[PDB]
file input-v3.pdb (PDB, C-alpha atoms (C1' of nucleotides))
ATOM      1  CA  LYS A   1      70.776  57.775 150.190
ATOM      2  CA  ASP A   2      67.400  59.501 150.440
ATOM      3  CA  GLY A   3      66.525  58.542 146.863
ATOM      4  CA  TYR A   4      65.797  61.140 144.185
ATOM      5  CA  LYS A   5      66.805  62.386 140.729
ATOM      6  CA  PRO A   6      67.781  66.045 141.266
ATOM      7  CA  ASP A   7      67.330  68.083 138.079
ATOM      8  CA  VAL A   8      70.529  70.107 138.435
ATOM      9  CA  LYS A   9      70.094  72.628 135.602
ATOM     10  CA  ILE A  10      72.559  75.517 135.302
ATOM     11  CA  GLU A  11      71.948  78.241 132.721
ATOM     12  CA  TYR A  12      73.306  81.725 132.047
ATOM     13  CA  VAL A  13      70.742  84.530 131.757
ATOM     14  CA  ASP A  14      70.767  88.329 131.837
ATOM     15  CA  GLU A  15      68.533  91.055 133.251
ATOM     16  CA  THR A  16      66.655  91.048 129.926
ATOM     17  CA  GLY A  17      65.913  87.334 130.381
ATOM     18  CA  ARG A  18      67.705  86.217 127.214
ATOM     19  CA  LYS A  19      70.041  83.241 127.397
ATOM     20  CA  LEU A  20      73.676  84.322 127.186
ATOM     21  CA  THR A  21      76.451  82.797 125.117
ATOM     22  CA  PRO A  22      79.365  81.422 127.181
ATOM     23  CA  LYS A  23      81.591  84.253 125.954
ATOM     24  CA  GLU A  24      78.950  86.806 126.970
ATOM     25  CA  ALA A  25      78.456  85.140 130.360
ATOM     26  CA  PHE A  26      82.213  85.126 130.963
ATOM     27  CA  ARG A  27      82.412  88.788 129.949
ATOM     28  CA  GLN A  28      79.635  89.661 132.402
ATOM     29  CA  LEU A  29      81.320  87.678 135.183
ATOM     30  CA  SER A  30      84.678  89.344 134.525
ATOM     31  CA  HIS A  31      83.085  92.803 134.419
ATOM     32  CA  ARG A  32      81.342  92.174 137.741
ATOM     33  CA  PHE A  33      84.485  90.732 139.345
ATOM     34  CA  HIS A  34      86.824  93.502 138.173
ATOM     35  CA  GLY A  35      84.393  96.104 139.526
ATOM     36  CA  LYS A  36      84.419  98.145 136.297
ATOM     37  CA  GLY A  37      82.033  97.835 133.367
ATOM     38  CA  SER A  38      82.418  98.645 129.700
ATOM     39  CA  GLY A  39      82.875 102.157 128.367
ATOM     40  CA  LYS A  40      80.233 104.479 126.978
ATOM     41  CA  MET A  41      81.125 103.686 123.359
ATOM     42  CA  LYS A  42      81.032  99.929 123.982
ATOM     43  CA  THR A  43      77.713 100.261 125.819
ATOM     44  CA  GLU A  44      76.242 102.277 122.941
ATOM     45  CA  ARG A  45      77.479  99.725 120.401
ATOM     46  CA  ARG A  46      75.978  96.873 122.434
ATOM     47  CA  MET A  47      72.655  98.710 122.770
ATOM     48  CA  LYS A  48      72.557  99.413 119.028
ATOM     49  CA  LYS A  49      73.357  95.765 118.280
ATOM     50  CA  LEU A  50      70.591  94.617 120.633
ATOM     51  CA  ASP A  51      68.109  97.012 119.013
ATOM     52  CA  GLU A  52      69.105  95.775 115.550
ATOM     53  CA  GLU A  53      68.710  92.153 116.665
ATOM     54  CA  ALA A  54      65.272  92.905 118.121
ATOM     55  CA  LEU A  55      64.212  94.627 114.893
ATOM     56  CA  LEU A  56      65.490  91.742 112.756
ATOM     57  CA  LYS A  57      63.808  89.094 114.924
ATOM     58  CA  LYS A  58      60.467  90.945 114.768
ATOM     59  CA  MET A  59      59.938  90.123 111.074
TER      60      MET A  59
ATOM     61  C1'   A B   1      78.746 140.755  69.030
ATOM     62  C1'   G B   2      78.363 135.395  68.127
ATOM     63  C1'   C B   3      81.713 131.246  67.256
ATOM     64  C1'   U B   4      86.313 128.482  67.760
ATOM     65  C1'   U B   5      91.689 126.853  69.314
ATOM     66  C1'   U B   6      96.061 125.742  72.272
ATOM     67  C1'   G B   7      97.834 125.781  77.067
ATOM     68  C1'   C B   8      96.673 126.190  82.067
ATOM     69  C1'   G B   9      94.067 125.919  86.767
ATOM     70  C1'   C B  10      89.334 125.239  89.615
ATOM     71  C1'   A B  11      84.904 122.357  89.836
ATOM     72  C1'   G B  12      82.173 117.750  88.224
ATOM     73  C1'   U B  13      80.713 112.973  85.945
ATOM     74  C1'   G B  14      82.983 108.517  84.410
ATOM     75  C1'   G B  15      87.489 105.548  84.312
ATOM     76  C1'   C B  16      92.317 103.707  85.784
ATOM     77  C1'   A B  17      95.861 102.517  89.463
ATOM     78  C1'   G B  18     101.910  97.531  91.211
ATOM     79  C1'   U B  19     104.211  96.356  83.136
ATOM     80  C1'   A B  20     100.300 101.586  87.845
ATOM     81  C1'   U B  21     101.378 106.468  90.329
ATOM     82  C1'   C B  22     105.898 109.750  92.008
ATOM     83  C1'   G B  23     110.227 111.813  94.682
ATOM     84  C1'   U B  24     115.155 111.465  93.026
ATOM     85  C1'   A B  25     118.903 115.380  96.561
ATOM     86  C1'   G B  26     122.620 110.279  91.912
ATOM     87  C1'   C B  27     124.173 110.520  86.903
ATOM     88  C1'   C B  28     123.518 111.298  81.843
ATOM     89  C1'   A B  29     120.306 114.515  78.237
ATOM     90  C1'   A B  30     118.065 118.714  72.037
ATOM     91  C1'   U B  31     125.793 121.014  72.408
ATOM     92  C1'   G B  32     120.746 114.555  71.120
ATOM     93  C1'   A B  33     118.411 110.316  75.634
ATOM     94  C1'   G B  34     117.067 105.780  72.863
ATOM     95  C1'   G B  35     116.470 103.137  68.398
ATOM     96  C1'   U B  36     115.969  95.032  65.714
ATOM     97  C1'   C B  37     110.844  98.429  61.141
ATOM     98  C1'   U B  38     111.537 103.256  57.100
ATOM     99  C1'   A B  39     118.964 104.007  59.168
ATOM    100  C1'   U B  40     122.236 110.056  55.071
ATOM    101  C1'   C B  41     116.134 107.494  59.155
ATOM    102  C1'   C B  42     113.168 108.825  64.008
ATOM    103  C1'   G B  43     113.356 112.761  67.901
ATOM    104  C1'   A B  44     112.655 112.560  74.666
ATOM    105  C1'   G B  45     114.039 112.479  79.046
ATOM    106  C1'   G B  46     116.630 108.053  80.289
ATOM    107  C1'   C B  47     119.283 105.099  83.880
ATOM    108  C1'   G B  48     120.220 103.610  89.132
ATOM    109  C1'   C B  49     118.247 104.690  94.336
ATOM    110  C1'   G B  50     113.688 105.121  97.328
ATOM    111  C1'   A B  51     108.134 105.468  98.025
ATOM    112  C1'   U B  52     102.556 104.309  97.182
ATOM    113  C1'   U B  53      98.519 111.856 102.563
ATOM    114  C1'   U B  54      93.535 112.860 105.588
ATOM    115  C1'   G B  55      88.434 111.931 107.645
ATOM    116  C1'   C B  56      84.327 108.710 108.831
ATOM    117  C1'   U B  57      82.244 103.992 110.022
ATOM    118  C1'   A B  58      82.065  98.964 111.313
ATOM    119  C1'   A B  59      83.943  94.421 113.204
ATOM    120  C1'   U B  60      87.252  91.212 116.058
ATOM    121  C1'   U B  61      90.299  90.294 120.485
ATOM    122  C1'   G B  62      90.469  91.732 125.478
ATOM    123  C1'   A B  63      87.754  92.509 132.058
ATOM    124  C1'   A B  64      88.628  97.409 130.389
ATOM    125  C1'   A B  65      90.119  99.056 122.695
ATOM    126  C1'   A B  66      89.761 105.669 126.096
ATOM    127  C1'   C B  67      85.750 112.498 125.992
ATOM    128  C1'   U B  68      85.620 114.668 132.370
ATOM    129  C1'   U B  69      82.988 111.330 139.508
ATOM    130  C1'   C B  70      80.454 106.195 139.887
ATOM    131  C1'   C B  71      77.739 102.593 143.261
ATOM    132  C1'   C B  72      73.974 100.528 147.106
ATOM    133  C1'   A B  73      68.772 100.448 150.010
ATOM    134  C1'   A B  74      63.936 103.069 150.463
ATOM    135  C1'   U B  75      59.968 106.822 149.274
ATOM    136  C1'   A B  76      58.234 110.578 146.196
TER     137        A B  76
END
call {"tool": "encode", "arguments": {"input": "input-v3.pdb", "output": "structure tokens"}}
result
Amino acid sequence: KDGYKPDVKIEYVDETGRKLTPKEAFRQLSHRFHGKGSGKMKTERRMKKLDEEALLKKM
RNA sequence: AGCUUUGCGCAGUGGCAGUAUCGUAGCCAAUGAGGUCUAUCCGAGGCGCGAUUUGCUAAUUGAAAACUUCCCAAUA
């Protein structure tokens, strides 16, 4: 062979840059494959949870 | 006029809630249900059947857990 040690690193990230849990990554993949995203209520709940997490991690 | 009682309903605090809270259309019941104490005495329901409204919020699962056209590229 040519001779090298390829650093094959595979990670799941989002548009916000945060690393995603495997369940979250699978949910994103399924939402993109099915062509339909989550509903308005689910999106609002996720946004509120993200805001709460950001507030908690700030202190 | 001030004050107070019983009963009742509204409102409120606090408390209880499966030996608790009710329906009972079934039956019996002050013309006496049920009594081991106090029995020539007490005085209320008892026994079977069948139950334990509404709103909000959160979380989990799932691709989607339900409110009215969405997406892609570029400039402003």
call {"tool": "residues_around", "arguments": {"input": "input-v3.pdb", "residues": "residue 71 in chain B", "least_positions_apart": "5", "cutoff": "12 Å", "atoms": "only C-alpha atoms (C1' of nucleotides)", "output": "PyMOL selection string"}}
result
chain A and resi 35-37
call {"tool": "resolve_selection", "arguments": {"input": "input-v3.pdb", "expression": "the PyMOL selection byres ((chain B) within 9 of (chain A))", "output": "list in words"}}
result
residues 63, 64 and 66 of chain B
call {"tool": "atom_distance", "arguments": {"input": "input-v3.pdb", "atom1": "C1' of residue 52 in chain B", "atom2": "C1' of residue 18 in chain B"}}
result
9.1 Å
call {"tool": "axis_aligned_box", "arguments": {"input": "input-v3.pdb", "around": "range 30-49 of chain A", "padding_each_side": "8 Å", "output": "AutoDock Vina command-line options"}}
result
--center_x 79.7 --center_y 96.9 --center_z 128.9 --size_x 30.3 --size_y 31.1 --size_z 37.2
call {"tool": "atom_distance", "arguments": {"input": "input-v3.pdb", "atom1": "CA of residue 44 in chain A", "atom2": "CA of residue 12 in chain A"}}
result
22.7 Å
call {"tool": "residues_around", "arguments": {"input": "input-v3.pdb", "residues": "residue 26 in chain B", "least_positions_apart": "2", "cutoff": "12 Å", "atoms": "all atoms listed in the file", "output": "PDB file with C-alpha atoms (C1' of nucleotides), in the frame of the given file"}}
result
ATOM      1  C1'   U B  24     115.155 111.465  93.026  1.00  0.00           C
ATOM      2  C1'   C B  28     123.518 111.298  81.843  1.00  0.00           C
ATOM      3  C1'   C B  47     119.283 105.099  83.880  1.00  0.00           C
ATOM      4  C1'   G B  48     120.220 103.610  89.132  1.00  0.00           C
ATOM      5  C1'   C B  49     118.247 104.690  94.336  1.00  0.00           C
ATOM      6  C1'   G B  50     113.688 105.121  97.328  1.00  0.00           C
TER       7        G B  50
END
call {"tool": "atom_distance", "arguments": {"input": "input-v3.pdb", "atom1": "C1' of residue 33 in chain B", "atom2": "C1' of residue 51 in chain B"}}
result
25.1 Å
call {"tool": "residues_near_point", "arguments": {"input": "input-v3.pdb", "point": "(118.3, 116.4, 70.3)", "cutoff": "12 Å", "atoms": "only C-alpha atoms (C1' of nucleotides)", "output": "VMD selection string"}}
result
chain B and resid 29 to 34 42 to 45
